[PDB]
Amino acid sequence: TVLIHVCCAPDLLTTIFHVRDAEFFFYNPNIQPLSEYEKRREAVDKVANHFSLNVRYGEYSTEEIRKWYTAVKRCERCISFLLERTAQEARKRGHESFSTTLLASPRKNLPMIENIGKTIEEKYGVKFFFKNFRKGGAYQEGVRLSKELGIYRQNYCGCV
């Protein structure tokens, strides 16, 4: 079983075209202010209820945001912070692998994410699952499903 960090609903939609049995982990203290975190969270919840996904919602609090701010090249930091928490959760909950929907994400740097994931794997002993999540047309498939579900598609990465 694989625990997949979720950044946003559009990238979750792309991802679920190809992953069959996952637990998802919405953890993003980088997203501010609270109204934007909640907007993104509610869109993920809408996708999860539509497709009966198993999503867990991580901590979002003043403290959690301070931990992230202390951590943040800055995107390398940010992504490593999110995936470290994910791999910690994967070990706690007995998942032998972890991944992230950031791999679906058209803007992001696939080599940098795979490098971070492999480094975190070596630290925690949870296998990092890499996939070209946009491949298989899945990306345009995620767009079509976003439109259909009327899913919030954001306009910036999340942080201030």
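Heads up: residue numbers just count along the shown sequence, starting at 1.
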- Message: If I compare the deposited sequence with the modelled residues, how many are absent between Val72 and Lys73: none, 1 to 3, 4 to 9, or 10 or more?
- Response: 10 or more
- Task: Please work out which of 4-12 and 149-157 has the higher mean CA B-factor as recorded in the PDB entry.
- Result: 149-157
- Item | 131-139 versus 57-65 - which carries the larger mean C-alpha B factor in the record | 131-139
- Options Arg107, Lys118, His50, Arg40 - largest CA temperature factor per the record: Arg107
- From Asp45, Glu36, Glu114, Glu122, the top C-alpha temperature factor is at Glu122
